[PDB]
């Protein structure tokens, strides 16, 4: 029989519009989301132009409203110049994203003083998330403590990182974190097959001991999120490959396979792709919205999934059990068996729903 799930939420996607529409756009990426059982996405701001000011946010909002097929919220990006300038639009974003390490972005903040400035000026009731690797996790936690507020750590990939977060939680610090499927299901053992172009990702793939540490410490992981980071194969295999993997269409099948193997429970999945995303990002419910999955269907991930313009996947050849059969989004059939059935523009900005505003003290 099928299993009906609530509408799942991916709090970490790169939809490339505006500026990189050859790699993906709102319409292609949201189709990929629906095919992966995802009905709500939070889009990162490392676009061109980057979403680091009110005019760029307004542009992105209209592009998303015209192109998205599922519902969404848009992150604002911290820059070396915009601390203290975001207060009037902060409430309309998913949250504030800080890039603290080298990756596919122009927004790296060089000085910890700039991190402090953002933590002090961004509204304290609104989410802050960080790309923060290895010791950078400890550094940004220290900034969060100094400014007495929470922080969310994106794509945790290392034993070192999950143990540090575990220690912080044991001391009662307000830290949450997410893990991406490639850091649960791929490792150094896969770099031979992938090669140095396809295999380029930040955070980098970890050792078998890193992967085992994440599974052993699943209780520490608040969310799963894809860090869907599409680039074309030509870009991945070029001289200077951008880091990142596409992942919306493979995330849920990989995790369902783990459920079928007893590696985690259905509830574990629903906490990490629905309940905790809702509560960490204050995201609203979606009325008359659900995902029907088939837990029996065995298949092999092909060389590319149907919808992402990335047109490749690092999970090619992996055997999975579990597939998305049907998605209903706000009372309309949005996806069935490889066919997306809602048009670009069906999706809405959840921060403009009355239930989507983040409550705050007057």
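Positions refer to the first chain, counted from 1.
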Task: Of 294-302 and 24-32, the stretch whose C-alpha atoms average the higher B-factor in the entry - done: 294-302
- [ ] Would you tell me which stretch averages the higher CA B-factor in the PDB entry, 350-358 or 5-13?
- [x] 350-358
Task: Residue with maximal Cα B-factor (values as given in the PDB entry) among 222, 71, 249, 81 - done: 81
Open item on the list: Highest Cα temperature factor in the entry, among the options 264, 141, 280, 157: which one is it?
Closed with: 264
- [ ] State the tercile, meaning the lowest, middle or highest third, of residue 178 with respect to the CA B-factors recorded for its chain.
- [x] lowest
TODO: Ordered by C-alpha B-factor within the chain, which third holds residue 323? Give me lowest, middle or highest, please.
DONE: highest
- [ ] Consider only the C-alpha atoms of the modelled residues in this chain, order them by B-factor as the entry records it, and name the third containing residue 275: lowest, middle or highest.
- [x] lowest
- [ ] Would you mind checking where the Cα B-factor of residue 253 ranks among the modelled residues of its chain, as the lowest, middle or highest third?
- [x] middle
Task: Third of the chain's Cα B-factor distribution that residue 199 belongs to, per the entry - done: highest
